[PDB]
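J.: Here it is, the structure, as structure tokens.
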Amino acid sequence: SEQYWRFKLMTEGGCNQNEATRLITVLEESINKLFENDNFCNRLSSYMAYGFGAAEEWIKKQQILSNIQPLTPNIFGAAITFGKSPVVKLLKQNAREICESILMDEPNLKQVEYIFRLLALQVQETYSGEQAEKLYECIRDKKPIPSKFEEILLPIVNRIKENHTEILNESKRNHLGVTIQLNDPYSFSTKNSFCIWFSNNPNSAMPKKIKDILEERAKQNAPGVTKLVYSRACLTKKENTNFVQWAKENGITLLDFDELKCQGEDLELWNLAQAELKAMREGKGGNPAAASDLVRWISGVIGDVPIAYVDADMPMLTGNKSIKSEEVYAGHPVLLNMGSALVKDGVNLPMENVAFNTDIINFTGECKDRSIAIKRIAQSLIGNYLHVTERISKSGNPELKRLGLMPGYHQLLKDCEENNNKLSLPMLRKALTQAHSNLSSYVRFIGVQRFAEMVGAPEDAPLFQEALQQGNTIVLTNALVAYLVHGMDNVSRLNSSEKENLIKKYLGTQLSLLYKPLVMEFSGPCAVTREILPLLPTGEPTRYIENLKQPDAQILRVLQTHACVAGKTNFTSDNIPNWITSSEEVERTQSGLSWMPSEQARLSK
């Protein structure tokens with residue numbers, strides 16, 4: 001996300017590295033609407049000419065940005081500004097020629113701009129020193145193209161074009177240690193499935209409406225297996241017997257994973273999942289979705305025949321529009337759920353942001369390659385649990401980066417080392433929960449600085465410290481409520497209770513912001529996504545090209561066609577977008593997961 005923003009600010013916003021970075025700290029990653037058009041960057045470039053303070057100040061007084069419309073050695077920025085430069089039109093010439101080779105139809109205007117800026121930036125990356133400055137002045141002064149510049153540009157042209165024409169080789173298709181094959185040799189079932197449910201309520205093994213969903217899945221799936229993994233240690237004896245009979249009467253294959261005998265990685269995952277479930281039962285920060293996230297990848301849980309993992313409540317495309325054949329094929333042994341979102345980027349092609357999820361995972365039958373990919377995932381998740389503080393420290397997650405700066409977090413680490421205890425994930429989750437149970441521990445945990453900036457009063461951080469010190473809680477209350485109900489006048493219209501419940505809701509929201517990554521980043525899909533990233537080019541953004549003659553030149557098209565569950569199952573998920581979904585259609589997010597704090601404080605009480 002951030003990489004591109006900074007590129008824009010340095011190419012079109014008149015910023016340098018340093019002040020472009022300062023700009024993003026002074027700028028939610030909802031900034032990104034400002035870049036689908038030039039308007040913000042054009043005006044910010046005008047203010048940039050008069051110093052960084054000029055731009056900074058314009059931003060704080062501007063009512064709200066995205067409301068910006070026109071008024072009344074940067075080779076790349078010069079190539080896109082100066083449209084009549086004999087060099088810039090030899091770039092556009094080459095851009096259009098490359099496209100008629102690599103494309104299927106008559107190039108779009110966005111499609112030439114895409115290749116054009118590719119050429120321009122590579123030319124900026126091939127020139128350096130005085131020969132960079134000379135051609136920058138040549139761009140601005142519309143001097144004719146230098147001799148032998150068309151030979152500097154020929155190897156560039158042939159690479160952008162061959163990058164968009166050749167099939168990616170096997171070294172760029174290595175996904176979880178297994179090559180993504182284009183002939184789809186791996187076979188899958190559309191009928192076998194398993195799901196997982198570790199109840200936090202010993203007297204109710206599984207909610208009734210999820211039981212109904214599984215009764216439907218077992219019936220639709222015919223003779224295929226509908227497997228349900230659970231933990232006997234989480235139920236009462238009476239409830240377990242009821243559960244076992246319910247599964248028997250509805251064609252559901254129960255697997256009590258407590259009885260599994262595991263070795264190697266399997267046993268490492270089994271031990272960690274049992275630890276989570278034990279810490280859940282004891283009210284010590286354990287989470288049943290974290291346990292499910294791990295048990296997902298145990299070989300004895302998955303089994304030997306092709307089978308899909310699905311979330312227990314995952315619906316199905318039952319009927320005349322479903323897949324009738326029991327067997328399908330794909331190019332990888334482990335198919336994760338994938339989609340992508342298109343980010344508008346002005347006159348260029350839209351950026352394509354791929355999404356990964358573990359809510360559906362299609363496994364092929366037992367084989368060496370499936371074992372390679374599974375172990376690659378398992379080692380990752382096990383590695384996250386053995387190095388909790390090291391992962392938080394390196395995390396790219398914003399909420400986890402903030403966690404590393406909180407004094408309560410530093411204090412927690414010191415206690416653990418003073419008492420020679422390694423910080424466990426449940427320990428951290430437990431600690432955060434307790435900390436968010438009152439305003440005072442909360443402010444103490446996060447620090448007054450952080451508190452002050454959150455409630456709009458950075459200058460009062462010393463004041464909050466003293467009130468904290470001497471125990472004057474009403475100022476923390478009122479400072480927080482005043483930021484919530486927009487003004488100190490409004491807080492006075494409220495009694496004890498309505499102000500006390502606005503603080504509980506707010507504290508709960510802040511806890512969820514940290515709780516959610518404390519599952520997803522270690523055992524969940526974000527941890528799985530971190531293991532997959534290495535496959536993606538990291539050097540230019542991925543753009544959606546609609547009609548490549550060879551679509552298998554782009555990694556996202558290889559993933560979409562050969563390494564994901566799309567078109568390979570009857571299960572229907574709305575947790576991530578479908579492939580190439582417009583950023584607007586990802587408004588779907590507008591209208592608490594079963595495993596977060598709230599809902600888990602419900603599913604028994």
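By convention here, the chains of the structure tokens are called A, B, ... in the order presented, each chain's residues are numbered starting at 1, and ligands are numbered starting at 1 in the order presented.
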Which neighbours of segment 314-318 of chain A fall inside 12 Å, counting only C-alpha atoms, when residues of the same chain fewer than 5 positions from it are skipped, and could you give them as an NGL selection string?
T.: :A and (190-191 or 193-196 or 209-222 or 308-309 or 323-324 or 358-361 or 567-575)
J.: Those residues with C-alpha atoms, as a PDB file, in the first residue's frame please?
T.:
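Generated output (again00.pdb):
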```pdb
ATOM      1  CA  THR A 190     -16.241 -31.212  -4.943  1.00  0.00           C
ATOM      2  CA  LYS A 191     -18.016 -33.389  -2.366  1.00  0.00           C
ATOM      3  CA  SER A 193     -15.259 -31.506   3.073  1.00  0.00           C
ATOM      4  CA  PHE A 194     -14.252 -31.044   6.676  1.00  0.00           C
ATOM      5  CA  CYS A 195     -14.834 -28.222   9.144  1.00  0.00           C
ATOM      6  CA  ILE A 196     -13.797 -27.507  12.741  1.00  0.00           C
ATOM      7  CA  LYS A 209     -28.093 -23.011  13.032  1.00  0.00           C
ATOM      8  CA  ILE A 210     -24.564 -24.200  12.271  1.00  0.00           C
ATOM      9  CA  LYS A 211     -25.745 -27.775  12.920  1.00  0.00           C
ATOM     10  CA  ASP A 212     -28.500 -27.156  10.366  1.00  0.00           C
ATOM     11  CA  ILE A 213     -25.915 -25.973   7.828  1.00  0.00           C
ATOM     12  CA  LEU A 214     -23.931 -29.186   8.323  1.00  0.00           C
ATOM     13  CA  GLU A 215     -27.050 -31.345   7.993  1.00  0.00           C
ATOM     14  CA  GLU A 216     -27.565 -29.632   4.629  1.00  0.00           C
ATOM     15  CA  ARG A 217     -23.932 -30.105   3.577  1.00  0.00           C
ATOM     16  CA  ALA A 218     -24.033 -33.784   4.432  1.00  0.00           C
ATOM     17  CA  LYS A 219     -27.133 -34.205   2.417  1.00  0.00           C
ATOM     18  CA  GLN A 220     -26.044 -32.316  -0.591  1.00  0.00           C
ATOM     19  CA  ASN A 221     -22.655 -33.811  -0.705  1.00  0.00           C
ATOM     20  CA  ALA A 222     -24.069 -37.197  -1.319  1.00  0.00           C
ATOM     21  CA  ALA A 308     -11.846 -29.157   1.198  1.00  0.00           C
ATOM     22  CA  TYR A 309     -11.526 -27.390   4.490  1.00  0.00           C
ATOM     23  CA  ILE A 323     -20.838 -28.545  -9.999  1.00  0.00           C
ATOM     24  CA  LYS A 324     -22.178 -31.985 -10.865  1.00  0.00           C
ATOM     25  CA  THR A 358      -8.191 -19.824   4.664  1.00  0.00           C
ATOM     26  CA  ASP A 359     -11.994 -19.987   4.944  1.00  0.00           C
ATOM     27  CA  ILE A 360     -11.960 -22.493   2.064  1.00  0.00           C
ATOM     28  CA  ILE A 361      -8.871 -24.647   1.386  1.00  0.00           C
ATOM     29  CA  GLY A 567     -14.478 -22.567  -9.867  1.00  0.00           C
ATOM     30  CA  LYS A 568     -13.379 -25.705  -8.000  1.00  0.00           C
ATOM     31  CA  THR A 569     -15.973 -25.995  -5.206  1.00  0.00           C
ATOM     32  CA  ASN A 570     -19.650 -25.545  -4.490  1.00  0.00           C
ATOM     33  CA  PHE A 571     -18.882 -23.531  -1.329  1.00  0.00           C
ATOM     34  CA  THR A 572     -19.607 -19.784  -1.497  1.00  0.00           C
ATOM     35  CA  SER A 573     -17.665 -17.297   0.607  1.00  0.00           C
ATOM     36  CA  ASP A 574     -18.129 -13.547   0.974  1.00  0.00           C
ATOM     37  CA  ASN A 575     -15.183 -13.092   3.346  1.00  0.00           C
TER      38      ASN A 575
END
```
J.: Write out as a list in words which residues come within 12 Å of residue 31 of chain A when counting only C-alpha atoms, dropping same-chain ones fewer than 4 positions away.
T.: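 Skipping anything fewer than 4 positions along the chain leaves residues 1, 2, 4, 5, 6, 23, 24, 25, 26, 27, 35, 36, 37, 40, 41, 64, 65 and 66 of chain A.
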J.: What's the separation between atom CA of residue 182 of chain A and atom CA of residue 563 of chain A, in Å to one decimal place?
T.: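 That distance, rounded to one decimal, is 9.4 Å.
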J.: Kindly indicate which residue among A:562, A:51, A:161, A:30 lies nearest to residue 14 of chain A, using only C-alpha atoms for the distances.
T.: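 Ranking A:562, A:51, A:161, A:30 by distance to residue 14 of chain A, first place goes to A:51.
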J.: Please, what distance in Å, to one decimal, runs between atom CA of residue 375 of chain A and atom CA of residue 561 of chain A?
T.: 23.7 Å
J.: What separation in Å, quoted to one decimal, exists between atom CA of residue 247 of chain A and atom CA of residue 328 of chain A?
T.: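 Between these atoms lies a distance of 27.6 Å.
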J.: Show which residues sit within 10 Å of segment 399-405 of chain A, as a ChimeraX atom specification. Count only C-alpha atoms, and ignore same-chain residues fewer than 4 positions away.
T.: /A:389,391-395,409-410,432,445-447,450,510,513-518,521
J.: Choose the residue, out of A:528, A:259, A:472, A:296, that has the smallest atom-to-atom separation from residue 381 of chain A; count only C-alpha atoms.
T.: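 Looking at the shortest contact to residue 381 of chain A, the residue is A:528.
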J.: Choose the residue, out of A:252, A:20, A:71, A:435, that has the smallest atom-to-atom separation from residue 55 of chain A; count only C-alpha atoms.
T.: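 Distance minimum relative to residue 55 of chain A lands on A:20.
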J.: Find the residue from A:555, A:335, A:593, A:118 that sits nearest to residue 171 of chain A; use only C-alpha atoms when measuring.
T.: A:555
J.: To test your reading of the structure, identify every residue in segment 407-597 of chain A that backbone DSSP assigns to alpha helix (DSSP H), and report it as a CSV table (one decimal) with C-alpha atoms, in the first residue's frame.
T.:
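Full text of part_34.csv as output:
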```csv
chain,number,residue,atom,x,y,z
A,407,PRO,CA,4.5,1.0,28.2
A,408,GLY,CA,2.2,-1.7,29.5
A,409,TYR,CA,3.6,-3.9,26.8
A,410,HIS,CA,7.2,-3.1,27.8
A,411,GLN,CA,6.3,-3.8,31.4
A,412,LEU,CA,4.7,-7.1,30.4
A,413,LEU,CA,7.9,-8.2,28.6
A,414,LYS,CA,10.0,-7.2,31.7
A,415,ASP,CA,7.8,-9.3,34.0
A,416,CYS,CA,8.2,-12.3,31.7
A,417,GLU,CA,12.0,-12.0,31.5
A,418,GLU,CA,12.4,-11.1,35.2
A,425,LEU,CA,0.0,-15.6,22.9
A,426,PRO,CA,-2.7,-16.3,25.4
A,427,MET,CA,-0.7,-14.4,28.0
A,428,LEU,CA,-0.7,-11.4,25.8
A,429,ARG,CA,-4.4,-11.7,24.9
A,430,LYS,CA,-5.2,-12.2,28.6
A,431,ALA,CA,-3.2,-9.2,29.5
A,432,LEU,CA,-4.7,-6.9,27.0
A,433,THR,CA,-8.2,-8.0,28.0
A,434,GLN,CA,-7.6,-7.1,31.6
A,435,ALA,CA,-6.0,-3.9,30.6
A,439,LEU,CA,-10.1,3.3,31.8
A,440,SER,CA,-7.2,3.7,34.2
A,441,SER,CA,-5.3,0.4,33.4
A,442,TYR,CA,-6.1,1.2,29.8
A,443,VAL,CA,-4.4,4.6,29.9
A,444,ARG,CA,-1.6,3.2,32.0
A,445,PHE,CA,-1.1,0.3,29.5
A,446,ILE,CA,-1.0,2.4,26.3
A,448,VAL,CA,-0.5,9.0,28.2
A,449,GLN,CA,1.1,10.1,25.0
A,450,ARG,CA,-0.8,7.6,23.0
A,451,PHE,CA,-3.9,8.4,25.0
A,452,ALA,CA,-3.5,12.1,24.5
A,453,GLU,CA,-3.1,11.9,20.8
A,454,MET,CA,-6.1,9.7,20.5
A,461,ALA,CA,-0.2,14.1,28.1
A,462,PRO,CA,1.8,15.6,31.1
A,463,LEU,CA,-1.6,16.5,32.6
A,464,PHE,CA,-2.9,13.0,32.2
A,465,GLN,CA,0.3,11.6,33.7
A,466,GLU,CA,-0.2,13.6,36.9
A,467,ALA,CA,-3.9,12.8,37.2
A,468,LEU,CA,-2.9,9.1,36.6
A,469,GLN,CA,-0.2,9.6,39.2
A,470,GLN,CA,-2.5,11.0,41.9
A,473,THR,CA,-10.0,9.6,37.2
A,474,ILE,CA,-12.7,12.1,36.2
A,475,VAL,CA,-10.2,13.9,33.8
A,476,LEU,CA,-9.4,10.7,31.9
A,477,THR,CA,-13.2,9.9,31.7
A,478,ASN,CA,-14.1,13.4,30.6
A,479,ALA,CA,-11.1,13.7,28.2
A,480,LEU,CA,-12.2,10.5,26.5
A,481,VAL,CA,-15.9,11.2,26.5
A,482,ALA,CA,-15.3,14.7,25.2
A,483,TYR,CA,-13.5,13.3,22.1
A,484,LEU,CA,-16.4,10.8,21.6
A,488,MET,CA,-16.9,19.1,26.8
A,489,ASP,CA,-20.3,20.9,26.7
A,490,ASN,CA,-22.0,17.6,25.5
A,491,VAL,CA,-20.4,15.4,28.2
A,496,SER,CA,-22.8,8.5,35.3
A,497,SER,CA,-24.2,5.5,33.4
A,498,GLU,CA,-24.4,6.7,29.8
A,499,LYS,CA,-20.9,8.0,30.1
A,500,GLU,CA,-19.8,4.7,31.7
A,501,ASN,CA,-21.3,2.7,28.8
A,502,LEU,CA,-19.7,4.9,26.2
A,503,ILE,CA,-16.3,4.2,27.7
A,504,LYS,CA,-16.9,0.4,27.9
A,505,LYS,CA,-18.0,0.3,24.2
A,506,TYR,CA,-14.9,2.4,23.3
A,507,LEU,CA,-12.5,0.2,25.3
A,508,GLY,CA,-14.0,-2.9,23.8
A,509,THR,CA,-13.5,-1.5,20.3
A,510,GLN,CA,-9.8,-0.8,21.1
A,511,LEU,CA,-9.3,-4.3,22.5
A,512,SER,CA,-10.8,-5.9,19.4
A,513,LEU,CA,-8.4,-3.9,17.2
A,514,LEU,CA,-5.5,-5.7,19.0
A,515,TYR,CA,-7.2,-9.0,19.6
A,517,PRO,CA,-4.4,-9.5,14.8
A,518,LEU,CA,-3.3,-11.6,17.8
A,519,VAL,CA,-5.1,-14.5,16.1
A,520,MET,CA,-5.0,-13.8,12.4
A,525,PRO,CA,-4.9,-16.1,7.1
A,526,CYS,CA,-2.6,-13.1,7.7
A,527,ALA,CA,0.0,-15.4,8.9
A,528,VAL,CA,-0.6,-17.6,5.9
A,529,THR,CA,-0.5,-14.6,3.5
A,530,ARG,CA,2.9,-13.6,5.0
A,531,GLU,CA,4.2,-17.1,3.9
A,532,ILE,CA,2.9,-16.5,0.3
A,555,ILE,CA,1.6,-14.2,-11.5
A,556,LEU,CA,-1.9,-13.1,-10.4
A,557,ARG,CA,-3.5,-14.7,-13.5
A,558,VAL,CA,-1.5,-17.9,-12.8
A,559,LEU,CA,-2.8,-17.9,-9.3
A,560,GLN,CA,-6.4,-17.1,-10.4
A,561,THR,CA,-6.5,-19.9,-13.0
A,562,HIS,CA,-4.3,-22.6,-11.4
A,597,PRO,CA,-14.2,-11.3,22.7
```
J.: According to DSSP computed on the backbone, where in segment 92-322 of chain A is there strand (DSSP E)? Give the residues as a list in words.
T.: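 Reading the DSSP output for segment 92-322 of chain A, strand (DSSP E) covers residues 174, 175, 178, 179, 186, 187, 188, 189, 193, 194, 195, 196, 226, 227, 228, 229, 230, 253, 254, 255, 256, 307, 308, 309 and 310 of chain A.
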J.: Please, could you write that set of residues out with C-alpha atoms as a tab-separated table (two decimals), in the first residue's frame?
T.:
```tsv
chain	number	residue	atom	x	y	z
A	174	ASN	CA	7.08	-21.61	-6.66
A	175	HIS	CA	4.15	-21.48	-4.22
A	178	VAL	CA	5.62	-26.49	-4.96
A	179	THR	CA	5.62	-25.32	-8.58
A	186	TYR	CA	-3.81	-32.34	-9.28
A	187	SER	CA	-7.27	-33.78	-8.69
A	188	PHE	CA	-9.82	-32.54	-6.17
A	189	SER	CA	-13.22	-33.48	-4.77
A	193	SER	CA	-15.26	-31.51	3.07
A	194	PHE	CA	-14.25	-31.04	6.68
A	195	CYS	CA	-14.83	-28.22	9.14
A	196	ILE	CA	-13.80	-27.51	12.74
A	226	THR	CA	-18.79	-34.37	5.52
A	227	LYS	CA	-16.27	-34.38	8.34
A	228	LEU	CA	-16.53	-32.36	11.54
A	229	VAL	CA	-13.52	-31.94	13.84
A	230	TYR	CA	-14.08	-31.12	17.49
A	253	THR	CA	-18.18	-37.90	10.17
A	254	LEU	CA	-17.05	-36.75	13.61
A	255	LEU	CA	-13.36	-36.64	14.45
A	256	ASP	CA	-12.34	-36.10	18.08
A	307	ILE	CA	-11.02	-32.84	0.68
A	308	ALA	CA	-11.85	-29.16	1.20
A	309	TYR	CA	-11.53	-27.39	4.49
A	310	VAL	CA	-14.47	-25.02	4.95
```
J.: Which residue out of A:148, A:533, A:373, A:164 has the minimum interatomic distance to residue 100 of chain A when only C-alpha atoms are used?
T.: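 Of all the options, A:164 lies closest to residue 100 of chain A.
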J.: If you count only C-alpha atoms, which residues fall within 9 Å of residue 96 of chain A, apart from same-chain ones fewer than 4 positions away, as an MDAnalysis selection string?
T.: chainID A and resid 91:92 100:101 107 111:112 115:116
J.: Give the answer as one residue: which of A:288, A:86, A:202, A:551 has the shortest atom-to-atom distance to residue 146 of chain A, using only C-alpha atoms?
T.: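 Under the stated criterion, the closest residue is A:86.
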